[PDB]
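Presented as structure tokens, the chain that follows is alone, the form deposited in one PDB entry.
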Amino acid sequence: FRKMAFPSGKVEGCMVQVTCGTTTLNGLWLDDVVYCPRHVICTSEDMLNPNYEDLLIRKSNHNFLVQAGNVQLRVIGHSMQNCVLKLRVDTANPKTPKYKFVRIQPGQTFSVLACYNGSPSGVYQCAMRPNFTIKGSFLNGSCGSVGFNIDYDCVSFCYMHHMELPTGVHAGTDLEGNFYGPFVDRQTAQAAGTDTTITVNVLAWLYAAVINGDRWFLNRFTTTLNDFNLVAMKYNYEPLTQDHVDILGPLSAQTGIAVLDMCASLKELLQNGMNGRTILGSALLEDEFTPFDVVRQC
């Protein structure tokens, strides 16, 4: 089991660059609209606390340079939606895939296509942390890179990149420009909440272990959901939701291990430790594999 991104080609066909003055960020070109972070209109002096509405009233369609490679796409309209800019262009992207905009939940994973001046540079899988950061790899000029999942040739875009916190993790928005977590698009030092372990993903990891014959940790106990949640919080693990119980369903069916029985097994792991014994060859409990990831890799 290793971290596996989705193939990036459908997304690559949509990466463009958007320039205002000398600031160039990445943008996403779908049909005749280009989506990009709104602070591309920011001057260096205007970033400590920008008045975006005032800054945008001064801009015109001809102030925006949108380029697919070195080819210019003429802007014919602009509007702001939360923290993203929506630039209407005169050409429908012929490489537009079937697509959706979705807001993901903590614990869900997605692939990030790291881009610079519109050129793709790399692809990797990320997990949204419970404190709404992602442990990404982003340099200067990466803003506007997107994160995504592909189900049956349809690309669900879920992330657009905006910021690196002082701790080195990263923060961004969905494709409607709404931040994940309590961050804002200002050149300020912001702190995320304390992070926690993604319980639903650890349980999926335990199911993967069982599937592969590693099952020493299975006990004869069960628990109620509420009892497990109260114990999980004491170990800085996320509480389980009903949605978490449901997405663990296929793995529970495949192994014949009830979700609450597996919760009692993890509960014993938290209270008593791993005893130098390993699970899937590891002494640490992995938490960035979703139940879909586990099913994908099997």
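Shifts are known only where both forms have a C-alpha. Numbering starts at 1 and runs along the sequence shown. Between two forms, the rigid core is the largest collection of C-alphas that superpose within 1.5 Å.
Beyond the structure shown, there is the form deposited in another entry, which is absent from this document and is the topic of what follows.
C-alpha of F221 moved at least 2 Å between the shown form and the other one on rigid core:
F221 C-alpha, core-superposed: shift of 2 Å or more.
Core-aligned, is the CA shift for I257 between the shown form and the other one 2 angstroms or more?
The answer is yes; the displacement is at least 2 Å.
I want to verify one pair: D246 and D174. Are their C-alpha atoms nearer or more distant in that other deposited form compared with the form I supplied, knowing the change is 3 Å or more?
Farther apart, by at least 3 Å.
Core superposition done; which regions of 3+ residues show CA shifts of at least 2 Å throughout between the shown form and the other one?
In sequence order, the runs that relocate between the shown form and the other one are 206-235, 239-285.
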